[PDB]
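Asker: The following block contains the structure, expressed as structure tokens.
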Amino acid sequence: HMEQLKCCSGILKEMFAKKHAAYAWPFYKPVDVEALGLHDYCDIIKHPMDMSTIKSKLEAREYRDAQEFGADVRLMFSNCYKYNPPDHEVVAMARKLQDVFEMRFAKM
Ligand SMILES: CC(=O)c1cc(-c2ccccc2N)[nH]c1C
């Protein structure tokens with residue numbers, strides 16, 4: 001539905017909001033695979049995803065429904081959980097952002 005995709009745009013807008021910026025910032029833009037320590041990122045992560053790409057996919061109507069938009073948000077989180085150590089700061093940040101996402105996505 002067209003109405004449920006406007007709600008997806010609204011969930012993504014909240015994720016980009018100042019309220020969640022302290023922990024959402026690592027998810028804003030694609031992972032810089034040229035940064036120190038990330039030489040192996042592309043070897044472990046087959047399908048990278050970030051909030052700016054999801055936003056472009058929405059604007060370009062690349063999602064048939066809320067399920068497809070949801071899949072890419074969760075892909076972005078699963079990439080973070082798969083790649084990093086479970087005790088890493090970015091994993092806790094992903095968990096805080098995903099709490100915002102799952103609560104909003106569930107209530108639509
Ligand atoms: C490895 C990993 O999981 C990462 C790394 C970044 C990241 C770090 C610094 C500046 C921008 C970024 N995008 N973001 C995630 C989700």
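Chain identifiers are assigned as A, B, and so on, following the order in which chains appear in the structure tokens; residues are numbered from 1 within each chain, and ligands are numbered from 1 in order of appearance.
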Based on DSSP run over this structure's backbone, return all residues of chain A in helix (DSSP H, G or I), as an NGL selection string.

Answerer: :A and (2-15 or 18-27 or 41-44 or 51-59 or 66-83 or 89-106)

Asker: Selection from above, C-alpha atoms, as a PDB file, in the first residue's frame, can you write it?

Answerer:
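Wrote it out as selection-v4.pdb, contents follow:
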```pdb
ATOM      1  CA  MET A   2       0.933   3.681  -0.685  1.00  0.00           C
ATOM      2  CA  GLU A   3      -0.249   4.753   2.835  1.00  0.00           C
ATOM      3  CA  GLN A   4       1.985   2.172   4.587  1.00  0.00           C
ATOM      4  CA  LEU A   5       5.051   3.460   2.594  1.00  0.00           C
ATOM      5  CA  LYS A   6       4.400   7.053   3.848  1.00  0.00           C
ATOM      6  CA  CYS A   7       4.459   5.551   7.382  1.00  0.00           C
ATOM      7  CA  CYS A   8       7.803   3.836   6.475  1.00  0.00           C
ATOM      8  CA  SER A   9       9.128   7.245   5.405  1.00  0.00           C
ATOM      9  CA  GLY A  10       7.931   8.591   8.772  1.00  0.00           C
ATOM     10  CA  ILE A  11       9.665   5.801  10.741  1.00  0.00           C
ATOM     11  CA  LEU A  12      12.891   6.493   8.813  1.00  0.00           C
ATOM     12  CA  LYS A  13      12.512  10.245   9.490  1.00  0.00           C
ATOM     13  CA  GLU A  14      12.362   9.593  13.264  1.00  0.00           C
ATOM     14  CA  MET A  15      15.484   7.357  13.026  1.00  0.00           C
ATOM     15  CA  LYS A  18      18.123  14.609  16.715  1.00  0.00           C
ATOM     16  CA  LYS A  19      16.323  12.664  19.501  1.00  0.00           C
ATOM     17  CA  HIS A  20      18.213   9.481  18.443  1.00  0.00           C
ATOM     18  CA  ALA A  21      21.429  11.011  16.941  1.00  0.00           C
ATOM     19  CA  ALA A  22      23.734   9.887  19.822  1.00  0.00           C
ATOM     20  CA  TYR A  23      23.289   6.228  18.821  1.00  0.00           C
ATOM     21  CA  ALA A  24      21.807   6.391  15.280  1.00  0.00           C
ATOM     22  CA  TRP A  25      24.782   8.215  13.610  1.00  0.00           C
ATOM     23  CA  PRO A  26      26.804   5.008  12.710  1.00  0.00           C
ATOM     24  CA  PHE A  27      23.788   3.946  10.538  1.00  0.00           C
ATOM     25  CA  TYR A  41      34.075  -5.718   5.882  1.00  0.00           C
ATOM     26  CA  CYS A  42      33.186  -6.613   2.242  1.00  0.00           C
ATOM     27  CA  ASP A  43      34.441 -10.226   2.821  1.00  0.00           C
ATOM     28  CA  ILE A  44      31.989 -10.778   5.729  1.00  0.00           C
ATOM     29  CA  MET A  51      19.725   4.641   6.385  1.00  0.00           C
ATOM     30  CA  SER A  52      20.648   6.986   3.436  1.00  0.00           C
ATOM     31  CA  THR A  53      20.364   4.037   0.920  1.00  0.00           C
ATOM     32  CA  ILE A  54      16.993   2.948   2.473  1.00  0.00           C
ATOM     33  CA  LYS A  55      15.851   6.602   2.128  1.00  0.00           C
ATOM     34  CA  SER A  56      16.943   6.656  -1.574  1.00  0.00           C
ATOM     35  CA  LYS A  57      15.231   3.239  -2.174  1.00  0.00           C
ATOM     36  CA  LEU A  58      12.001   4.622  -0.670  1.00  0.00           C
ATOM     37  CA  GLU A  59      12.190   7.857  -2.789  1.00  0.00           C
ATOM     38  CA  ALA A  66       6.342  -2.163   4.346  1.00  0.00           C
ATOM     39  CA  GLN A  67       7.680  -5.796   4.561  1.00  0.00           C
ATOM     40  CA  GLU A  68      10.409  -4.996   1.954  1.00  0.00           C
ATOM     41  CA  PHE A  69      11.308  -1.672   3.665  1.00  0.00           C
ATOM     42  CA  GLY A  70      11.423  -3.597   7.013  1.00  0.00           C
ATOM     43  CA  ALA A  71      13.745  -6.240   5.489  1.00  0.00           C
ATOM     44  CA  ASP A  72      16.364  -3.570   4.576  1.00  0.00           C
ATOM     45  CA  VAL A  73      16.176  -1.887   8.031  1.00  0.00           C
ATOM     46  CA  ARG A  74      16.742  -5.292   9.645  1.00  0.00           C
ATOM     47  CA  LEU A  75      19.494  -6.114   7.133  1.00  0.00           C
ATOM     48  CA  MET A  76      21.298  -2.969   8.227  1.00  0.00           C
ATOM     49  CA  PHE A  77      21.071  -4.135  11.856  1.00  0.00           C
ATOM     50  CA  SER A  78      21.942  -7.774  11.156  1.00  0.00           C
ATOM     51  CA  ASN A  79      25.103  -6.609   9.211  1.00  0.00           C
ATOM     52  CA  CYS A  80      26.200  -4.722  12.312  1.00  0.00           C
ATOM     53  CA  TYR A  81      25.486  -7.702  14.602  1.00  0.00           C
ATOM     54  CA  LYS A  82      27.246 -10.196  12.236  1.00  0.00           C
ATOM     55  CA  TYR A  83      30.377  -8.129  11.596  1.00  0.00           C
ATOM     56  CA  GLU A  89      29.897   0.019  21.318  1.00  0.00           C
ATOM     57  CA  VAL A  90      28.282  -0.041  17.781  1.00  0.00           C
ATOM     58  CA  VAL A  91      26.334  -3.213  18.648  1.00  0.00           C
ATOM     59  CA  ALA A  92      24.741  -1.459  21.709  1.00  0.00           C
ATOM     60  CA  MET A  93      23.975   1.575  19.505  1.00  0.00           C
ATOM     61  CA  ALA A  94      22.349  -0.733  16.859  1.00  0.00           C
ATOM     62  CA  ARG A  95      20.220  -2.236  19.667  1.00  0.00           C
ATOM     63  CA  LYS A  96      19.001   1.188  20.843  1.00  0.00           C
ATOM     64  CA  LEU A  97      18.114   2.240  17.265  1.00  0.00           C
ATOM     65  CA  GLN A  98      16.451  -1.088  16.507  1.00  0.00           C
ATOM     66  CA  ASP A  99      14.268  -0.618  19.656  1.00  0.00           C
ATOM     67  CA  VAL A 100      13.032   2.653  18.110  1.00  0.00           C
ATOM     68  CA  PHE A 101      12.433   0.903  14.787  1.00  0.00           C
ATOM     69  CA  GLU A 102      10.681  -2.251  16.112  1.00  0.00           C
ATOM     70  CA  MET A 103       8.294  -0.280  18.315  1.00  0.00           C
ATOM     71  CA  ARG A 104       7.283   2.026  15.435  1.00  0.00           C
ATOM     72  CA  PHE A 105       7.180  -0.712  12.747  1.00  0.00           C
ATOM     73  CA  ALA A 106       5.026  -2.955  14.971  1.00  0.00           C
TER      74      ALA A 106
END
```

Asker: For ligand 1, which residue among A:29, A:61, A:1, A:107 is the nearest when counting only C-alpha atoms and all ligand atoms?

Answerer: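 Distance minimum relative to ligand 1 lands on A:29.
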